[PDB]
Amino acid sequence: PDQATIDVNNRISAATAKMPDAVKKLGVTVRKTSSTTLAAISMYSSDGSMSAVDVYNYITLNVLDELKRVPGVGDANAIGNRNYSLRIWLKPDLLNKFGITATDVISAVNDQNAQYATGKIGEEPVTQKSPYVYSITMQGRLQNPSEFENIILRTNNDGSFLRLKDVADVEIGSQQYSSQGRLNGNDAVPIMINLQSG
Amino acid sequence: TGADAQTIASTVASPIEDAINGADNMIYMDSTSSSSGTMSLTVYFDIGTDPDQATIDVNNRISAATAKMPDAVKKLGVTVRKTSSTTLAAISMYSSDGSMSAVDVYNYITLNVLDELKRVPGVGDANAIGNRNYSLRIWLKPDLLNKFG
Amino acid sequence: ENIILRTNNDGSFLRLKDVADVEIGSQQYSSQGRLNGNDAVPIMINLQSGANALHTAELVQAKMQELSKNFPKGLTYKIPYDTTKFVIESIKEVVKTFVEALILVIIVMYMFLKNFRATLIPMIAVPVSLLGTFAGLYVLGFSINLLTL
Amino acid sequence: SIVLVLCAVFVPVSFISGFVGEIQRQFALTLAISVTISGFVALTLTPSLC
Amino acid sequence: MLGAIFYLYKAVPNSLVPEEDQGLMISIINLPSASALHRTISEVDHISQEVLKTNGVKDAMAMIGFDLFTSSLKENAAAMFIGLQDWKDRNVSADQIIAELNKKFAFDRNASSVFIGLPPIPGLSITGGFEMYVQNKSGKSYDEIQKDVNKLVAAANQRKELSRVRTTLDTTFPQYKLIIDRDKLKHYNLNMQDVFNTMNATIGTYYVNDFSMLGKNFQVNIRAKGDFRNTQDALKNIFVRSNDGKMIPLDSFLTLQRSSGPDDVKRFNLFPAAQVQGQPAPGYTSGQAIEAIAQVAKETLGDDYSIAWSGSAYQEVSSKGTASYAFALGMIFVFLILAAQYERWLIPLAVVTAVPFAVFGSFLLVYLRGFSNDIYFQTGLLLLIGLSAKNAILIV
Amino acid sequence: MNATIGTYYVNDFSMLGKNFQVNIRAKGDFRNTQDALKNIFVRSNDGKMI
């Protein structure tokens, strides 16, 4: 299996050449994997505690990766996602009231959810030669959803601020539209447990 | 670059680990995530195990995990390679008559010596303690900066 | 240095050197190396995974002796931390232990078999056997090493 | 019996793997091939030479 | 004599393989977490001259401001590579030199300075002694883990078998953050990319691009040469231009605040863990220490913890009691072959009783001489089955 | 287009110990598509919203 997985790997480089540019910028990945399904778990709410998507969120937060843990598992896949999202739900009605386009929210989130920066105090050039050395950071990356809501879209003259919360809702994961599980006529979330190739 | 050890450990180190975990013949793995923006993961395999097989075995699972990485991480890559913690020698270079200071010496090792020693077979690394190569440094003078706006 | 920052109205130029200092590399004041009290830049010579550490150190000292020809002024070098001098030694002392043991058995044998030919005939076992098992190690994919010795 | 009893112990321990195993099997194999040959020399060359 | 062998078995401690005097030894120095490099350069030189006038050492080479373990640059850490005289010149073993130097600096309060010999087998570790990881499966924080592990390393240094137990987990590092007033940032009308680049190009390092000269390929970085007393000073003279030409200083919208967290953070086998290290007290075996760290960790840690060995201790614990199976196998096949070759079930039974005298004499001498129950010793015991039978076969 | 009818990927952020994508999507009531094409504007290079 590995002599094949590498004899493939070797030929992939030759043809990455003639790929459209848009593929390259995402990468062409290869792996040895099995056409299998070791088992398929099913999670659900006995009563009406969790909803049909409160269960999916718990599974994604704790269950799903704790099953990626257990060795020999090729995949632990809840049937309904690729990655996982904080989703901003533009409300186009109020967008047109306040004078904002979608190209303004893309730019606002792109600019105001920035990255990090790191420097040192006592750095022999920028300093005074002192005892003690500190390291200063500046965390321009957002962390809670309430910070996305307060991304300020336009700067009003009367001091106040038109923030993103005034034009869209900001959700957190879930968004079940894609798929739906059933276990014996009951709403349930299917987790298929793959078996590691070999 | 920029992230603290605690975050790098939780969103860079563990994705890679949960992927690599389940390797063929691995005994354990240490992971050290740093405030200097660097993650270092070291997978250990059972005594008497094909090294180069584990290297490609690892490099396989890594491209599967490369999609769960933060966008900033993929941007400048994630690199895996076989290597041993077996330092066999350590050279000392110095100016016997105090003429080459301590940084004229370092400058001479970089250009002429460090490459000639990196050559010679069987040597993995061959590093002077400190800089990676050395860089053209542009030292901003903030006084004259504001002076000229 | 002569990267021009602002274009003026005289037709002159503000250049990067007027607000910054362009010095090329040599960045220390993040690490200092000391040998026996003196300034010195330590080059560490790591060993790549899977390589005869015994031979590779010979090459390192050889090339350093070649680079000595170029070393201007009082720029000399030392290898204060050689790990292979212990290998080379413990091998010498195991060959010592071998030759010593070989003689002590000849004595215990001559003393018991009383005469010479009575002692030379059983001694032929020592080459033929020991010498022979090397043909076995070669076929079974083994190595000469400290444990074998 | 001497040759056999010495392969009796070392041949089976030269099947074990591990840190200990790879260490020990350096001894087991060198001894088992040597004492074996040493028996063959004693069963052929030694009396013949005498 | 049979039961004597039993008691002698208990009295002999266990190890894996000797830790040779390889003519070298190393030193791991660690100034208080806050310290600047020049304090570390200072403290090294003191240690370095005291070391250099110790009997067996020829030379000493020092990597100041460098972590021999995480292989990276930390200013409050140092690593010294000490080389000894030639074996035929020294009256002292390295295990004495190491122990002597360790007793000396056991109280140097300006820095922590451990001395250590090389690993037994070249790749098994960086340094001799042992290495283990205390892993938390509680979910706890590295400041809570820190406290718990501290209680261990404390009790661990009290035991008579251990010596220079430590832990690399350091969560006391002072760290300033720059909180950003996002509202002031847009009032002053600032491009946030321009702001962070300004931050890097001055206090940290901003990488632009590369050029080529002297047949090599160099980086081009921008840093600040400004002489700033405290931090709040610096933020007043570093400026960034608003979208409408205005030049706002960082002092305004950025608000500095001082917290304290880790600098390195370690996971081991999928859990957040603290990296414990140490060596055995002089005259105690590798396995004797391993037995003591473990005993302590059962009195110092809670059920939400476990420990996970590494290197030349992982081997020793993973291969514990592998001595019997190899030895019992040999006895069986020895007995079976002699049963065959001599057509009697009892003629081998009178050979096989020759071995207990061989393991008695082997344990007796190693215990007389203070040696241990290590791999080389157990391999010799296997050879005594074959070699004592040879003596019995000849009679039987 | 992708910020309204489809999903637009901006960037990501870290929270709860995990890393999360940030996606923009319009939640407007689609009476159909030929009228949903009337509430979705995008401004020209000269300020006019089309």
# chains A, B, ... in the order shown; residues from 1 in each chain; ligands from 1
$ residues_around --residues "residue 29 of chain F" --least-positions-apart "2" --cutoff "12 Å" --atoms "only C-alpha atoms" --output "ChimeraX atom specification"
/A:89-93 /F:4-5,26-27,31-33,35-37,39-40
$ select_by_dssp --residues "chain F" --states "alpha helix (DSSP H)" --output "JSON, numbers by chain"
{"F": [36, 37, 38, 39]}
$ write_last_selection --atoms "N, CA, C and O atoms" --output "short mmCIF file (atom, residue, chain, number, x, y, z; two decimals), in the first residue's frame"
data_model
loop_
_atom_site.label_atom_id
_atom_site.label_comp_id
_atom_site.auth_asym_id
_atom_site.auth_seq_id
_atom_site.Cartn_x
_atom_site.Cartn_y
_atom_site.Cartn_z
N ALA F 36 -35.10 38.62 -5.91
CA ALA F 36 -33.94 38.68 -5.03
C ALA F 36 -32.79 39.41 -5.70
O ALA F 36 -31.95 40.01 -5.02
N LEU F 37 -32.73 39.39 -7.04
CA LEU F 37 -31.77 40.18 -7.80
C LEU F 37 -32.05 41.68 -7.74
O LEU F 37 -31.34 42.44 -8.40
N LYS F 38 -33.06 42.12 -6.99
CA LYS F 38 -33.42 43.53 -6.92
C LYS F 38 -33.09 44.19 -5.59
O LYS F 38 -32.93 45.41 -5.55
N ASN F 39 -33.00 43.42 -4.50
CA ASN F 39 -32.62 43.97 -3.21
C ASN F 39 -31.13 43.88 -2.93
O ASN F 39 -30.67 44.42 -1.92
#
$ closest_residue --among "A:88, A:165, A:170, A:184" --to "residue 3 of chain F" --atoms "only C-alpha atoms"
A:88
$ interface_residues --of "chain A" --to "chain C" --cutoff "10 Å" --atoms "only C-alpha atoms" --output "PyMOL selection string"
chain A and resi 123-125
$ write_last_selection --atoms "N, CA, C and O atoms" --output "mmCIF file, in the first residue's frame"
data_model
loop_
_atom_site.group_PDB
_atom_site.id
_atom_site.type_symbol
_atom_site.label_atom_id
_atom_site.label_comp_id
_atom_site.auth_asym_id
_atom_site.auth_seq_id
_atom_site.Cartn_x
_atom_site.Cartn_y
_atom_site.Cartn_z
ATOM 1 N N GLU A 123 14.937 44.725 24.582
ATOM 2 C CA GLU A 123 15.649 44.402 23.354
ATOM 3 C C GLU A 123 16.781 45.402 23.169
ATOM 4 O O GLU A 123 16.530 46.581 22.902
ATOM 5 N N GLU A 124 18.023 44.933 23.301
ATOM 6 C CA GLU A 124 19.237 45.738 23.415
ATOM 7 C C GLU A 124 19.310 46.929 22.459
ATOM 8 O O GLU A 124 19.891 47.961 22.823
ATOM 9 N N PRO A 125 18.768 46.848 21.232
ATOM 10 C CA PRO A 125 18.610 48.081 20.445
ATOM 11 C C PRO A 125 17.541 49.011 21.002
ATOM 12 O O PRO A 125 17.843 50.135 21.411
#
$ interface_residues --of "chain B" --to "chain A" --cutoff "6 Å" --atoms "only C-alpha atoms" --output "list in words"
residues 2, 18 and 22 of chain B
$ interface_residues --of "chain B" --to "chain E" --cutoff "9 Å" --atoms "only C-alpha atoms" --output "VMD selection string"
chain B and resid 4 to 6 8 to 9 13 to 14 17 to 18 21 28 to 36 40 84 to 88 90 92 111 129 to 130 133 to 143 145 to 146 149
$ write_last_selection --atoms "C-alpha atoms" --output "PDB file, in the first residue's frame"
ATOM      1  CA  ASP B   4       1.024  32.805  22.273  1.00  0.00           C
ATOM      2  CA  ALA B   5       2.104  29.308  23.287  1.00  0.00           C
ATOM      3  CA  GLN B   6      -1.333  28.506  24.724  1.00  0.00           C
ATOM      4  CA  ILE B   8      -0.600  27.527  19.165  1.00  0.00           C
ATOM      5  CA  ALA B   9      -0.700  24.455  21.407  1.00  0.00           C
ATOM      6  CA  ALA B  13      -0.214  21.412  17.841  1.00  0.00           C
ATOM      7  CA  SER B  14      -3.245  19.237  18.588  1.00  0.00           C
ATOM      8  CA  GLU B  17      -1.193  15.282  16.884  1.00  0.00           C
ATOM      9  CA  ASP B  18      -4.715  13.895  16.486  1.00  0.00           C
ATOM     10  CA  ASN B  21      -1.789   9.720  16.401  1.00  0.00           C
ATOM     11  CA  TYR B  28       4.918   8.596  21.997  1.00  0.00           C
ATOM     12  CA  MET B  29       5.268  12.207  20.894  1.00  0.00           C
ATOM     13  CA  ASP B  30       6.269  15.428  22.644  1.00  0.00           C
ATOM     14  CA  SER B  31       4.957  18.815  21.526  1.00  0.00           C
ATOM     15  CA  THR B  32       6.348  22.221  22.501  1.00  0.00           C
ATOM     16  CA  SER B  33       4.423  25.326  21.428  1.00  0.00           C
ATOM     17  CA  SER B  34       6.240  28.611  21.892  1.00  0.00           C
ATOM     18  CA  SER B  35       5.519  32.283  22.489  1.00  0.00           C
ATOM     19  CA  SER B  36       7.944  32.940  19.607  1.00  0.00           C
ATOM     20  CA  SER B  40       7.596  21.716  17.432  1.00  0.00           C
ATOM     21  CA  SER B  84      17.977  12.838  15.489  1.00  0.00           C
ATOM     22  CA  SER B  85      18.942  14.482  18.790  1.00  0.00           C
ATOM     23  CA  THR B  86      22.578  13.351  18.546  1.00  0.00           C
ATOM     24  CA  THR B  87      24.980  16.313  18.589  1.00  0.00           C
ATOM     25  CA  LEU B  88      28.404  14.821  17.856  1.00  0.00           C
ATOM     26  CA  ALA B  90      30.909  21.544  18.749  1.00  0.00           C
ATOM     27  CA  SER B  92      34.768  27.050  18.889  1.00  0.00           C
ATOM     28  CA  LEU B 111      29.854  33.454   4.902  1.00  0.00           C
ATOM     29  CA  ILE B 129      24.140  29.723  17.981  1.00  0.00           C
ATOM     30  CA  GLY B 130      21.858  32.626  17.121  1.00  0.00           C
ATOM     31  CA  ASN B 133      22.027  33.161   8.198  1.00  0.00           C
ATOM     32  CA  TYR B 134      22.038  36.917   8.716  1.00  0.00           C
ATOM     33  CA  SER B 135      19.848  39.722   7.432  1.00  0.00           C
ATOM     34  CA  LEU B 136      20.254  43.204   6.053  1.00  0.00           C
ATOM     35  CA  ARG B 137      18.924  45.159   9.031  1.00  0.00           C
ATOM     36  CA  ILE B 138      17.266  48.558   8.582  1.00  0.00           C
ATOM     37  CA  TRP B 139      17.283  50.198  12.015  1.00  0.00           C
ATOM     38  CA  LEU B 140      14.553  52.830  12.242  1.00  0.00           C
ATOM     39  CA  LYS B 141      15.663  55.982  14.047  1.00  0.00           C
ATOM     40  CA  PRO B 142      12.341  57.295  15.423  1.00  0.00           C
ATOM     41  CA  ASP B 143      13.697  60.765  16.225  1.00  0.00           C
ATOM     42  CA  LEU B 145      11.590  59.694  11.559  1.00  0.00           C
ATOM     43  CA  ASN B 146       9.220  62.174  13.211  1.00  0.00           C
ATOM     44  CA  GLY B 149       7.397  63.048   9.131  1.00  0.00           C
TER      45      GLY B 149
END
$ residues_around --residues "residue 37 of chain D" --least-positions-apart "3" --cutoff "10 Å" --atoms "only C-alpha atoms" --output "short mmCIF file (atom, residue, chain, number, x, y, z; two decimals) with C-alpha atoms, in the first residue's frame"
data_model
loop_
_atom_site.label_atom_id
_atom_site.label_comp_id
_atom_site.auth_asym_id
_atom_site.auth_seq_id
_atom_site.Cartn_x
_atom_site.Cartn_y
_atom_site.Cartn_z
CA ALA C 125 39.66 -23.18 17.01
CA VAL C 126 40.06 -19.49 17.90
CA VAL C 128 38.38 -20.71 12.54
CA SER C 129 35.50 -20.09 14.96
CA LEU C 130 35.66 -16.34 15.65
CA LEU C 131 36.80 -15.55 12.10
CA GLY C 132 34.01 -17.80 10.84
CA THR C 133 31.07 -16.14 12.60
CA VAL D 3 27.32 -26.96 21.56
CA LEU D 31 28.09 -16.99 20.64
CA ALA D 32 25.82 -19.51 18.91
CA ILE D 33 27.63 -19.34 15.57
CA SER D 34 31.03 -19.41 17.29
CA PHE D 40 32.80 -28.67 14.27
CA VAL D 41 36.53 -27.92 14.52
CA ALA D 42 36.76 -30.17 17.58
CA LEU D 43 34.85 -32.98 15.85
#
$ closest_atom_pairs --of "chain D" --to "chain E" --cutoff "7 Å" --atoms "only C-alpha atoms" --output "CSV"
residue,atom,partner,partner_atom,distance
D:2,CA,E:390,CA,5.3
D:5,CA,E:334,CA,5.2
D:6,CA,E:386,CA,4.7
D:8,CA,E:334,CA,5.2
D:9,CA,E:330,CA,3.9
D:13,CA,E:326,CA,5.8
D:19,CA,E:315,CA,6.8
D:20,CA,E:375,CA,6.9
D:24,CA,E:379,CA,6.5
$ closest_atom_pairs --of "chain C" --to "chain D" --cutoff "10 Å" --atoms "only C-alpha atoms" --output "tab-separated table"
residue	atom	partner	partner_atom	distance
C:117	CA	D:50	CA	8.5
C:118	CA	D:50	CA	8.0
C:121	CA	D:46	CA	6.4
C:122	CA	D:46	CA	6.5
C:123	CA	D:46	CA	9.4
C:124	CA	D:46	CA	8.2
C:125	CA	D:38	CA	5.8
C:126	CA	D:38	CA	7.8
C:127	CA	D:38	CA	9.6
C:128	CA	D:37	CA	7.5
C:129	CA	D:34	CA	5.1
C:130	CA	D:34	CA	5.8
C:131	CA	D:34	CA	8.7
C:132	CA	D:34	CA	7.3
C:133	CA	D:33	CA	5.6
C:134	CA	D:30	CA	8.4
C:135	CA	D:33	CA	9.7
C:136	CA	D:33	CA	7.2
C:137	CA	D:30	CA	7.8
C:140	CA	D:29	CA	9.6
C:142	CA	D:26	CA	8.2
C:143	CA	D:26	CA	8.8
C:144	CA	D:26	CA	9.2
C:145	CA	D:26	CA	8.8
C:146	CA	D:26	CA	9.4
C:147	CA	D:26	CA	6.1
C:148	CA	D:26	CA	5.6
C:149	CA	D:27	CA	9.1
$ interface_residues --of "chain F" --to "chain A" --cutoff "7 Å" --atoms "only C-alpha atoms" --output "JSON, numbers by chain"
{"F": [3, 10, 11, 13, 14, 15, 20, 21, 22, 23, 24, 25, 26, 27, 28, 39, 40, 41, 42]}
$ write_last_selection --atoms "N, CA, C and O atoms" --output "mmCIF file, in the first residue's frame"
data_model
loop_
_atom_site.group_PDB
_atom_site.id
_atom_site.type_symbol
_atom_site.label_atom_id
_atom_site.label_comp_id
_atom_site.auth_asym_id
_atom_site.auth_seq_id
_atom_site.Cartn_x
_atom_site.Cartn_y
_atom_site.Cartn_z
ATOM 1 N N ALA F 3 -21.563 36.465 -1.052
ATOM 2 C CA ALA F 3 -21.965 36.903 0.280
ATOM 3 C C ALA F 3 -23.473 36.872 0.486
ATOM 4 O O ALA F 3 -23.930 37.034 1.623
ATOM 5 N N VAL F 10 -14.447 34.669 4.612
ATOM 6 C CA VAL F 10 -13.574 35.802 4.892
ATOM 7 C C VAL F 10 -12.261 35.295 5.472
ATOM 8 O O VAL F 10 -11.269 35.138 4.753
ATOM 9 N N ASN F 11 -12.252 35.038 6.774
ATOM 10 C CA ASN F 11 -11.055 34.616 7.494
ATOM 11 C C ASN F 11 -11.499 33.709 8.640
ATOM 12 O O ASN F 11 -12.614 33.180 8.626
ATOM 13 N N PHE F 13 -10.915 32.597 13.151
ATOM 14 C CA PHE F 13 -10.594 33.034 14.502
ATOM 15 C C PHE F 13 -10.624 31.827 15.429
ATOM 16 O O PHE F 13 -11.210 30.790 15.109
ATOM 17 N N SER F 14 -9.986 31.974 16.588
ATOM 18 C CA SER F 14 -9.860 30.898 17.561
ATOM 19 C C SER F 14 -10.714 31.191 18.788
ATOM 20 O O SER F 14 -10.731 32.321 19.289
ATOM 21 N N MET F 15 -11.414 30.166 19.269
ATOM 22 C CA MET F 15 -12.316 30.290 20.407
ATOM 23 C C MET F 15 -12.584 28.899 20.961
ATOM 24 O O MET F 15 -12.592 27.916 20.216
ATOM 25 N N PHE F 20 -12.102 28.394 14.026
ATOM 26 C CA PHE F 20 -13.404 28.472 13.376
ATOM 27 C C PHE F 20 -13.360 29.369 12.150
ATOM 28 O O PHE F 20 -12.731 30.429 12.168
ATOM 29 N N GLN F 21 -14.066 28.951 11.101
ATOM 30 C CA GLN F 21 -14.254 29.777 9.916
ATOM 31 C C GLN F 21 -15.297 30.859 10.174
ATOM 32 O O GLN F 21 -16.187 30.708 11.015
ATOM 33 N N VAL F 22 -15.185 31.957 9.430
ATOM 34 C CA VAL F 22 -16.134 33.066 9.498
ATOM 35 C C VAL F 22 -16.760 33.218 8.121
ATOM 36 O O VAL F 22 -16.057 33.492 7.139
ATOM 37 N N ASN F 23 -18.076 33.044 8.042
ATOM 38 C CA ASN F 23 -18.776 33.038 6.767
ATOM 39 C C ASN F 23 -19.887 34.076 6.753
ATOM 40 O O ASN F 23 -20.643 34.211 7.720
ATOM 41 N N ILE F 24 -19.975 34.800 5.641
ATOM 42 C CA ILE F 24 -21.031 35.774 5.384
ATOM 43 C C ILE F 24 -22.070 35.126 4.482
ATOM 44 O O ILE F 24 -21.724 34.439 3.512
ATOM 45 N N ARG F 25 -23.344 35.332 4.801
ATOM 46 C CA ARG F 25 -24.424 34.846 3.955
ATOM 47 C C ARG F 25 -25.668 35.674 4.234
ATOM 48 O O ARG F 25 -25.961 35.986 5.389
ATOM 49 N N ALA F 26 -26.386 36.036 3.174
ATOM 50 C CA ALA F 26 -27.605 36.814 3.326
ATOM 51 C C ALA F 26 -28.775 35.905 3.676
ATOM 52 O O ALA F 26 -28.930 34.819 3.108
ATOM 53 N N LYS F 27 -29.598 36.363 4.620
ATOM 54 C CA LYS F 27 -30.755 35.620 5.099
ATOM 55 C C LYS F 27 -32.065 36.156 4.531
ATOM 56 O O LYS F 27 -33.138 35.853 5.065
ATOM 57 N N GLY F 28 -31.994 36.926 3.446
ATOM 58 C CA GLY F 28 -33.188 37.498 2.851
ATOM 59 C C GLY F 28 -34.179 36.459 2.359
ATOM 60 O O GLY F 28 -33.827 35.407 1.831
ATOM 61 N N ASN F 39 -32.998 43.418 -4.503
ATOM 62 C CA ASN F 39 -32.621 43.968 -3.208
ATOM 63 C C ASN F 39 -31.126 43.882 -2.931
ATOM 64 O O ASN F 39 -30.668 44.423 -1.920
ATOM 65 N N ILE F 40 -30.359 43.224 -3.795
ATOM 66 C CA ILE F 40 -28.926 43.028 -3.598
ATOM 67 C C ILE F 40 -28.198 44.031 -4.482
ATOM 68 O O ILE F 40 -28.170 43.889 -5.710
ATOM 69 N N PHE F 41 -27.599 45.042 -3.865
ATOM 70 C CA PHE F 41 -26.909 46.096 -4.587
ATOM 71 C C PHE F 41 -25.403 45.975 -4.396
ATOM 72 O O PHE F 41 -24.918 45.342 -3.454
ATOM 73 N N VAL F 42 -24.667 46.589 -5.321
ATOM 74 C CA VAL F 42 -23.215 46.695 -5.233
ATOM 75 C C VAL F 42 -22.787 47.985 -5.922
ATOM 76 O O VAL F 42 -23.100 48.215 -7.096
#
